[PDB]
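Peer 1: Structure: coords_11.txt, compact mmCIF, C-alpha atoms and all ligand atoms.
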# COMPACT_ATOMS: atom_id res chain seq x y z
CA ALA A 11 10.51 61.84 -13.66
CA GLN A 12 7.69 60.90 -11.30
CA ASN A 13 8.41 60.29 -7.59
CA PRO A 14 12.09 61.24 -7.80
CA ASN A 15 12.67 60.97 -4.00
CA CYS A 16 11.40 57.30 -4.21
CA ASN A 17 8.74 57.73 -1.53
CA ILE A 18 6.32 54.94 -0.76
CA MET A 19 3.03 55.82 -2.45
CA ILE A 20 -0.44 54.92 -1.22
CA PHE A 21 -3.28 54.30 -3.67
CA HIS A 22 -7.02 54.33 -3.20
CA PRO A 23 -8.54 52.76 -6.38
CA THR A 24 -12.23 53.03 -6.98
CA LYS A 25 -14.26 49.85 -7.52
CA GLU A 26 -14.09 50.57 -11.22
CA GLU A 27 -10.34 50.98 -11.18
CA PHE A 28 -10.08 47.69 -9.19
CA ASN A 29 -11.30 45.60 -12.08
CA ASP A 30 -8.24 45.43 -14.22
CA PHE A 31 -5.21 44.39 -12.14
CA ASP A 32 -2.57 44.81 -14.86
CA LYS A 33 -3.89 48.20 -15.86
CA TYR A 34 -3.77 49.45 -12.25
CA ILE A 35 -0.16 48.26 -11.76
CA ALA A 36 0.80 50.08 -14.93
CA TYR A 37 -1.02 53.19 -13.62
CA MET A 38 0.82 53.11 -10.33
CA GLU A 39 4.12 52.87 -12.20
CA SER A 40 3.07 55.86 -14.43
CA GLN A 41 2.95 57.81 -11.16
CA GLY A 42 6.42 56.64 -10.11
CA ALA A 43 5.35 54.12 -7.47
CA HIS A 44 7.98 51.58 -8.40
CA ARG A 45 10.78 53.94 -7.64
CA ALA A 46 10.19 53.31 -3.89
CA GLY A 47 10.32 49.50 -4.24
CA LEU A 48 7.01 49.21 -2.35
CA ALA A 49 3.46 50.66 -2.63
CA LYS A 50 0.33 50.35 -0.54
CA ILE A 51 -3.09 49.76 -2.12
CA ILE A 52 -6.20 50.39 -0.04
CA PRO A 53 -9.09 48.43 -1.67
CA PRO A 54 -12.38 50.23 -2.41
CA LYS A 55 -14.79 50.16 0.47
CA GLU A 56 -17.20 47.91 -1.49
CA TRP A 57 -14.59 45.11 -1.81
CA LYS A 58 -13.96 42.20 0.45
CA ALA A 59 -11.56 39.22 0.24
CA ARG A 60 -14.06 36.82 1.72
CA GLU A 61 -17.12 37.01 3.99
CA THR A 62 -15.58 36.10 7.34
CA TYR A 63 -12.43 34.62 8.90
CA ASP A 64 -14.43 32.66 11.50
CA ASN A 65 -13.64 29.26 10.08
CA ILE A 66 -9.78 29.21 9.53
CA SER A 67 -8.63 27.55 12.71
CA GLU A 68 -8.29 24.13 11.23
CA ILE A 69 -5.73 25.11 8.57
CA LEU A 70 -2.49 23.20 9.39
CA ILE A 71 0.85 24.79 9.77
CA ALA A 72 2.86 21.60 9.01
CA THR A 73 6.27 23.10 9.76
CA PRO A 74 6.21 26.14 12.06
CA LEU A 75 9.57 27.89 12.08
CA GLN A 76 11.23 29.22 15.31
CA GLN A 77 13.29 32.22 14.26
CA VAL A 78 16.47 32.18 16.33
CA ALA A 79 18.68 35.24 16.12
CA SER A 80 22.48 35.70 16.37
CA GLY A 81 24.44 38.92 16.37
CA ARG A 82 23.71 42.36 17.79
CA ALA A 83 20.39 44.16 18.06
CA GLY A 84 20.73 46.10 14.85
CA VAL A 85 22.77 43.60 12.79
CA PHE A 86 21.77 39.95 13.13
CA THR A 87 20.96 36.80 11.28
CA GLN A 88 18.16 34.37 11.95
CA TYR A 89 17.93 30.66 11.42
CA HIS A 90 14.76 28.74 11.21
CA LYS A 91 14.33 25.82 13.58
CA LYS A 92 11.59 23.46 12.53
CA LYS A 93 8.85 22.76 15.13
CA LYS A 94 6.09 20.23 15.36
CA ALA A 95 2.90 20.79 13.34
CA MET A 96 0.09 22.80 14.74
CA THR A 97 -3.25 24.16 13.58
CA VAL A 98 -3.92 27.86 13.04
CA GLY A 99 -6.12 27.75 16.19
CA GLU A 100 -3.26 26.31 18.18
CA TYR A 101 -0.80 28.85 16.69
CA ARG A 102 -3.15 31.77 17.48
CA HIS A 103 -3.36 30.63 21.10
CA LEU A 104 0.43 30.41 21.22
CA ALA A 105 0.86 33.87 19.70
CA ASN A 106 -1.49 35.25 22.39
CA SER A 107 0.32 33.52 25.29
CA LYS A 108 2.24 35.53 27.81
CA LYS A 109 5.57 34.24 26.39
CA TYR A 110 4.80 35.47 22.79
CA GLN A 111 2.21 38.21 22.93
CA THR A 112 2.77 41.79 21.87
CA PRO A 113 3.86 43.97 24.85
CA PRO A 114 2.05 47.00 25.97
CA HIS A 115 2.93 49.94 23.84
CA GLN A 116 1.85 53.51 22.99
CA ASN A 117 1.72 53.46 19.23
CA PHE A 118 3.40 51.87 16.19
CA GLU A 119 6.59 53.91 16.71
CA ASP A 120 7.00 52.73 20.30
CA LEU A 121 6.43 49.14 19.16
CA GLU A 122 9.04 49.56 16.40
CA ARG A 123 11.53 50.84 19.01
CA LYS A 124 10.80 47.83 21.18
CA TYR A 125 11.20 45.44 18.20
CA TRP A 126 14.66 46.73 17.32
CA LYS A 127 15.78 46.88 20.91
CA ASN A 128 14.63 43.48 21.88
CA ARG A 129 14.04 41.19 18.88
CA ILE A 130 17.25 39.22 19.26
CA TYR A 131 16.40 38.13 22.77
CA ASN A 132 13.37 36.16 21.70
CA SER A 133 12.63 33.37 19.22
CA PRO A 134 9.11 33.89 17.79
CA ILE A 135 7.45 31.13 15.74
CA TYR A 136 6.38 31.94 12.12
CA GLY A 137 3.93 29.85 10.03
CA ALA A 138 5.42 30.87 6.75
CA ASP A 139 5.26 29.72 3.26
CA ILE A 140 2.04 27.59 3.37
CA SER A 141 0.63 26.90 -0.11
CA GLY A 142 -3.01 28.00 -0.21
CA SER A 143 -5.46 30.91 -0.40
CA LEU A 144 -8.03 32.63 1.78
CA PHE A 145 -9.68 34.57 -1.10
CA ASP A 146 -13.25 33.47 -1.77
CA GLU A 147 -13.55 32.00 -5.27
CA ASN A 148 -16.25 34.50 -5.94
CA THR A 149 -13.99 37.47 -5.27
CA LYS A 150 -13.20 38.61 -8.77
CA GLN A 151 -10.99 41.64 -8.12
CA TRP A 152 -7.43 41.33 -6.79
CA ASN A 153 -7.89 37.71 -5.95
CA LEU A 154 -4.30 36.55 -5.47
CA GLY A 155 -5.26 32.99 -6.52
CA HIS A 156 -6.59 34.24 -9.93
CA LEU A 157 -3.77 36.35 -11.22
CA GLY A 158 -2.20 35.94 -14.67
CA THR A 159 0.77 33.57 -14.26
CA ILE A 160 4.41 34.47 -14.64
CA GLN A 161 4.79 31.63 -17.18
CA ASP A 162 2.00 33.15 -19.27
CA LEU A 163 3.62 36.61 -19.02
CA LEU A 164 6.96 35.22 -20.20
CA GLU A 165 5.16 33.48 -23.06
CA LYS A 166 3.25 36.60 -24.03
CA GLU A 167 6.36 38.80 -23.99
CA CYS A 168 8.99 36.45 -25.32
CA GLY A 169 7.06 33.72 -27.17
CA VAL A 170 8.55 30.80 -25.27
CA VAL A 171 6.24 28.32 -23.57
CA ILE A 172 7.58 26.93 -20.34
CA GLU A 173 6.58 24.50 -17.59
CA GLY A 174 5.77 25.72 -14.09
CA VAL A 175 3.01 27.02 -11.96
CA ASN A 176 2.50 30.11 -9.78
CA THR A 177 0.34 29.77 -6.60
CA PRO A 178 -0.11 31.85 -3.46
CA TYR A 179 1.27 31.34 -0.02
CA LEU A 180 -0.13 32.00 3.46
CA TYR A 181 1.85 33.46 6.34
CA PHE A 182 0.68 33.22 9.93
CA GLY A 183 2.71 35.63 12.14
CA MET A 184 3.11 36.66 15.72
CA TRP A 185 4.91 39.45 17.54
CA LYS A 186 8.52 39.75 16.41
CA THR A 187 8.22 37.34 13.50
CA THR A 188 10.62 38.68 10.98
CA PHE A 189 11.21 38.74 7.22
CA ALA A 190 14.86 39.25 6.39
CA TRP A 191 16.27 41.61 3.75
CA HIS A 192 15.58 40.24 0.27
CA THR A 193 14.35 40.79 -3.21
CA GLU A 194 11.98 38.29 -4.79
CA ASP A 195 13.10 35.22 -6.70
CA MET A 196 14.30 36.34 -10.12
CA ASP A 197 13.63 39.96 -8.88
CA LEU A 198 9.91 39.44 -9.49
CA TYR A 199 7.13 41.62 -8.12
CA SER A 200 5.26 40.46 -5.06
CA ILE A 201 1.80 41.30 -3.81
CA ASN A 202 0.84 40.76 -0.19
CA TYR A 203 -2.63 41.01 1.32
CA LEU A 204 -2.99 41.24 5.11
CA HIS A 205 -6.15 39.20 5.68
CA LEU A 206 -6.53 39.64 9.40
CA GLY A 207 -4.99 40.53 12.69
CA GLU A 208 -2.22 42.80 13.74
CA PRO A 209 -0.07 44.98 11.46
CA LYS A 210 3.14 44.29 9.52
CA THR A 211 5.88 46.95 9.34
CA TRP A 212 7.93 47.07 6.16
CA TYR A 213 11.29 48.58 5.28
CA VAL A 214 12.32 49.00 1.63
CA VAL A 215 15.31 50.21 -0.42
CA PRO A 216 14.53 51.89 -3.76
CA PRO A 217 15.52 49.55 -6.67
CA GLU A 218 17.90 52.13 -8.06
CA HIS A 219 19.84 51.91 -4.79
CA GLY A 220 19.75 48.23 -4.16
CA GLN A 221 23.49 47.77 -4.75
CA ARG A 222 24.15 50.17 -1.83
CA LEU A 223 22.33 47.80 0.45
CA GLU A 224 24.27 44.86 -0.98
CA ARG A 225 27.60 46.55 -0.37
CA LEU A 226 26.66 47.31 3.22
CA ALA A 227 25.50 43.73 3.71
CA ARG A 228 28.86 42.39 2.44
CA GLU A 229 30.62 44.63 5.03
CA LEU A 230 28.29 43.61 7.88
CA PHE A 231 28.14 39.91 7.12
CA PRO A 232 31.67 39.29 5.81
CA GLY A 233 31.85 35.46 6.21
CA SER A 234 28.46 35.08 4.52
CA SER A 235 29.64 37.27 1.67
CA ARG A 236 32.73 35.08 1.10
CA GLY A 237 30.49 32.01 1.10
CA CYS A 238 28.11 33.25 -1.57
CA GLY A 239 28.10 36.12 -4.04
CA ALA A 240 24.31 36.54 -3.53
CA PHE A 241 23.85 35.63 0.10
CA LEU A 242 20.86 37.89 0.62
CA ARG A 243 19.00 35.21 -1.40
CA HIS A 244 19.32 33.09 1.75
CA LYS A 245 16.87 35.39 3.43
CA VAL A 246 18.55 35.42 6.84
CA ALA A 247 20.09 38.87 7.36
CA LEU A 248 18.64 41.78 9.28
CA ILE A 249 19.89 45.35 9.45
CA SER A 250 18.01 47.96 11.50
CA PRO A 251 16.86 51.35 10.35
CA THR A 252 19.33 52.97 12.71
CA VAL A 253 22.21 51.07 11.10
CA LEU A 254 20.96 51.85 7.61
CA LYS A 255 20.82 55.60 8.53
CA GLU A 256 24.34 55.47 10.04
CA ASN A 257 25.64 54.06 6.75
CA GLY A 258 23.71 56.42 4.47
CA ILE A 259 21.54 53.74 2.83
CA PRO A 260 18.39 55.17 1.30
CA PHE A 261 15.21 53.46 2.59
CA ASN A 262 11.64 54.02 3.62
CA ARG A 263 9.23 52.38 6.04
CA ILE A 264 5.50 51.89 6.27
CA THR A 265 3.04 49.86 8.35
CA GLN A 266 0.44 47.66 6.60
CA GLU A 267 -2.85 47.01 8.38
CA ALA A 268 -5.44 44.35 7.92
CA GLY A 269 -7.40 44.80 4.74
CA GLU A 270 -4.54 46.43 2.82
CA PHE A 271 -2.35 45.26 -0.08
CA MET A 272 1.33 45.89 -0.50
CA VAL A 273 3.17 45.51 -3.81
CA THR A 274 6.91 45.07 -3.97
CA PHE A 275 8.57 45.99 -7.25
CA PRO A 276 11.44 44.30 -9.10
CA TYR A 277 14.71 44.55 -7.22
CA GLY A 278 13.09 46.39 -4.28
CA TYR A 279 14.86 45.01 -1.20
CA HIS A 280 12.48 44.67 1.73
CA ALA A 281 12.41 43.44 5.32
CA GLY A 282 10.02 43.75 8.21
CA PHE A 283 8.18 42.34 11.18
CA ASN A 284 4.72 41.45 12.50
CA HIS A 285 3.13 43.29 15.42
CA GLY A 286 1.11 40.36 16.73
CA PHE A 287 -1.02 37.46 15.51
CA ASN A 288 -1.84 37.91 11.81
CA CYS A 289 -2.38 36.17 8.55
CA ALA A 290 -1.09 37.40 5.17
CA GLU A 291 -1.29 35.95 1.66
CA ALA A 292 1.32 36.70 -0.98
CA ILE A 293 2.32 35.66 -4.47
CA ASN A 294 4.89 36.67 -7.06
CA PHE A 295 3.87 38.19 -10.37
CA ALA A 296 5.39 39.71 -13.46
CA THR A 297 4.71 42.50 -15.95
CA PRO A 298 6.48 43.42 -19.18
CA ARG A 299 8.78 45.71 -17.25
CA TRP A 300 10.02 42.82 -15.09
CA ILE A 301 11.65 40.93 -18.00
CA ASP A 302 14.80 43.02 -17.96
CA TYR A 303 15.14 42.63 -14.21
CA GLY A 304 14.74 38.90 -14.49
CA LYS A 305 17.56 38.73 -17.02
CA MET A 306 19.89 40.58 -14.62
CA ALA A 307 18.87 39.00 -11.30
CA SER A 308 21.59 37.63 -9.10
CA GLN A 309 21.63 34.17 -8.19
CA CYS A 310 22.72 31.98 -5.26
CA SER A 311 24.60 28.93 -6.61
CA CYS A 312 26.16 27.92 -3.14
CA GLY A 313 23.26 25.71 -2.48
CA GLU A 314 21.70 27.51 0.40
CA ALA A 315 18.82 29.39 -1.32
CA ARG A 316 17.05 26.26 -2.70
CA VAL A 317 13.86 27.40 -4.44
CA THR A 318 10.77 26.32 -6.38
CA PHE A 319 10.41 24.13 -9.36
CA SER A 320 9.21 27.06 -11.49
CA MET A 321 12.40 29.08 -11.08
CA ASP A 322 14.22 26.56 -13.22
CA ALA A 323 12.62 27.71 -16.42
CA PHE A 324 13.09 31.36 -15.62
CA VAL A 325 16.84 30.84 -15.21
CA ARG A 326 17.03 28.53 -18.21
CA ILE A 327 15.37 30.98 -20.58
CA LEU A 328 16.41 34.39 -19.18
CA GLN A 329 19.91 33.46 -17.92
CA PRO A 330 21.18 30.54 -20.05
CA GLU A 331 24.85 31.32 -19.26
CA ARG A 332 24.16 31.00 -15.50
CA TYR A 333 21.93 27.95 -15.89
CA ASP A 334 24.50 25.15 -15.48
CA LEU A 335 26.10 26.66 -12.34
CA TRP A 336 22.75 27.63 -10.74
CA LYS A 337 21.33 24.14 -11.35
CA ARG A 338 24.42 22.54 -9.70
CA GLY A 339 23.47 24.68 -6.64
CA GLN A 340 19.91 23.32 -6.77
CA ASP A 341 21.18 19.64 -6.99
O1 LIG A 401 4.99 38.74 4.92
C1 LIG A 401 6.13 38.19 4.94
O2 LIG A 401 6.63 37.49 5.91
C2 LIG A 401 7.12 38.28 3.83
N1 LIG A 401 6.44 38.74 2.60
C3 LIG A 401 7.14 39.19 1.58
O3 LIG A 401 8.42 39.26 1.54
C4 LIG A 401 6.42 39.62 0.34
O4 LIG A 401 5.18 39.66 0.32
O5 LIG A 401 7.17 39.86 -0.63
MG MG A 402 -10.23 25.72 9.13
NI NI A 403 9.21 39.46 -0.31
ZN ZN A 404 24.14 31.14 -1.56
How does the structure come out when it is put into structure tokens?

Peer 2:
Amino acid sequence: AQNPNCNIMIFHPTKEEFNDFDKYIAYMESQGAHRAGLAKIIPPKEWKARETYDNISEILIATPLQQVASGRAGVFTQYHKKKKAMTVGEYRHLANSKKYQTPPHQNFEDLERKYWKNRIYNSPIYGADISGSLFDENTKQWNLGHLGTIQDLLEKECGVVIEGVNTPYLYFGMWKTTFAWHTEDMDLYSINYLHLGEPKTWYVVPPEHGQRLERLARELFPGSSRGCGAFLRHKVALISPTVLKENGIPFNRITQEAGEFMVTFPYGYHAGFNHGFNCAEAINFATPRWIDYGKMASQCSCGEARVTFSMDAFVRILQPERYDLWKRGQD
């Protein structure tokens, strides 16, 4: 078995290997990359996502989210307070202000220490989940707006034609902006490209051990667990590496820098934080190997997780028993 300790693997495809996206994902899995839940892909040196980032300041962040924490430093939830609209140029200036800017630090490890010590005492503002793309239309390789769609994959594998669309999302971050522990909708893959700015640190639990993280989360968030049998779908809970180590949960960590891709694999729980002002683009995707994970994915039916239009068909076709209850949650 390849990669039996479930380490995060880093790949350096050549420009020739960067042509065929599906083939390269299947290659990475042949080497065991999926066992970690997360992989890094460094693009060939010839490749670029677009020519420059000099003209992005007028993108609108219609609903910036202030991430307010509750709990203790290593075990907390966050809620998202909606703020007034602002442009990316306005948000960049805010991220760089004395109130929000990255503190002085020695290296990524010192910054990580500072994040876990101090995150809860601040409420950073995240421009998350903005439909759109920063890939030039002429970028032919690993263009996250030109991937094969999940609906087309389901149709190719299973023969059923379904409604729905699959488009990318932009994320504008600042110091301490946080992504809570989650797997993707329907335990899909994700791919995330860091277009510009400061790094993003990731934590990940191997898919084969995801239920260990879930059992810890039920212990640590006991009211949330009684409220919903899949409350991590709410994407609000944080657990630090120190707490994971104290409870024996297998995980790994890695820092993504500008110009790098990350792939999350089906049922790979992940969480993390931004180091400073940045912009990432991400989208979900599927392969043949995903289908079985989609059939088994948990679902939130309490009403909190409220998701996209396109998830309807995935539930309806892959999980017809759960369909009725899940749809009641969505309505
Ligand atoms: O970058 C972020 O805030 C969160 N991204 C992801 O969870 C992802 O790409 O799957
Ligand atoms: Mg602009
Ligand atoms: Ni994710
Ligand atoms: Zn729920």

Peer 1: Using only C-alpha atoms, find all polymer residues with an atom at most 7 Å away from the point (-6.7, 40.6, 3.4); report them as a ChimeraX atom specification.

Peer 2: /A:59,203-206,268-270,290

Peer 1: Ligand NI 403 (chain A): which residues are within 7 Å, counting all atoms listed in the file, as a list in words?

Peer 2: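 My answer, listing the contacting residues, is residues 192, 193, 194, 200 and 280 of chain A.
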
Peer 1: Counting only C-alpha atoms and all ligand atoms, what are the residues of chain A within 9 Å of ligand MG 402 (chain A), and for each of them which pair of atoms is the nearest and at what distance in Å, to one decimal? Sort the table by chain and rising number, as a tab-separated table.

Peer 2:
residue	atom	partner	partner_atom	distance
A:64	CA	A:MG402	MG	8.5
A:65	CA	A:MG402	MG	5.0
A:66	CA	A:MG402	MG	3.5
A:67	CA	A:MG402	MG	4.3
A:68	CA	A:MG402	MG	3.3
A:69	CA	A:MG402	MG	4.6
A:70	CA	A:MG402	MG	8.1
A:97	CA	A:MG402	MG	8.4
A:98	CA	A:MG402	MG	7.7
A:99	CA	A:MG402	MG	8.4

Peer 1: How close does chain A get to ligand ZN 404 (chain A)? List, as CSV, each residue of chain A within 9 Å, its nearest atom pair and the distance in Å to one decimal, counting all atoms listed in the file.

Peer 2:
residue,atom,partner,partner_atom,distance
A:234,CA,A:ZN404,ZN,8.4
A:235,CA,A:ZN404,ZN,8.8
A:237,CA,A:ZN404,ZN,6.9
A:238,CA,A:ZN404,ZN,4.5
A:239,CA,A:ZN404,ZN,6.8
A:240,CA,A:ZN404,ZN,5.8
A:241,CA,A:ZN404,ZN,4.8
A:242,CA,A:ZN404,ZN,7.8
A:243,CA,A:ZN404,ZN,6.6
A:244,CA,A:ZN404,ZN,6.2
A:309,CA,A:ZN404,ZN,7.7
A:310,CA,A:ZN404,ZN,4.1
A:311,CA,A:ZN404,ZN,5.5
A:312,CA,A:ZN404,ZN,4.1
A:313,CA,A:ZN404,ZN,5.6
A:314,CA,A:ZN404,ZN,4.8
A:315,CA,A:ZN404,ZN,5.6
A:316,CA,A:ZN404,ZN,8.7
A:339,CA,A:ZN404,ZN,8.2

Peer 1: List the spatial neighbours of stretch 121-138 of chain A as a PyMOL selection string - criterion: any atom at most 7 Å away, all atoms listed in the file, same-chain residues fewer than 4 positions off excluded.

Peer 2: chain A and resi 71+74-80+83-84+110+115+117+180-187+250

Peer 1: With a cut-off of 6 Å, could you pull out the residues of chain A touching ligand LIG 401 (chain A) and give me the nearest pair of atoms for each, distance in Å to one decimal, using all atoms listed in the file, ordered by chain and ascending number, as JSON lines?

Peer 2:
{"residue": "A:189", "atom": "CA", "partner": "A:LIG401", "partner_atom": "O2", "distance": 4.9}
{"residue": "A:200", "atom": "CA", "partner": "A:LIG401", "partner_atom": "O5", "distance": 4.9}
{"residue": "A:201", "atom": "CA", "partner": "A:LIG401", "partner_atom": "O4", "distance": 5.6}
{"residue": "A:202", "atom": "CA", "partner": "A:LIG401", "partner_atom": "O4", "distance": 4.5}
{"residue": "A:292", "atom": "CA", "partner": "A:LIG401", "partner_atom": "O4", "distance": 5.0}

Peer 1: If we count all atoms listed in the file, what is near residue A:158 at a cut-off of 12 Å, once residues fewer than 2 positions away on the same chain are taken out, given as a PyMOL selection string?

Peer 2: chain A and resi 30-32+152-156+160-166+175-177+293-297

Peer 1: Using all atoms listed in the file, which of the listed residues (A:340, A:308, A:151, A:221) sits closest to residue A:259?

Peer 2: A:221
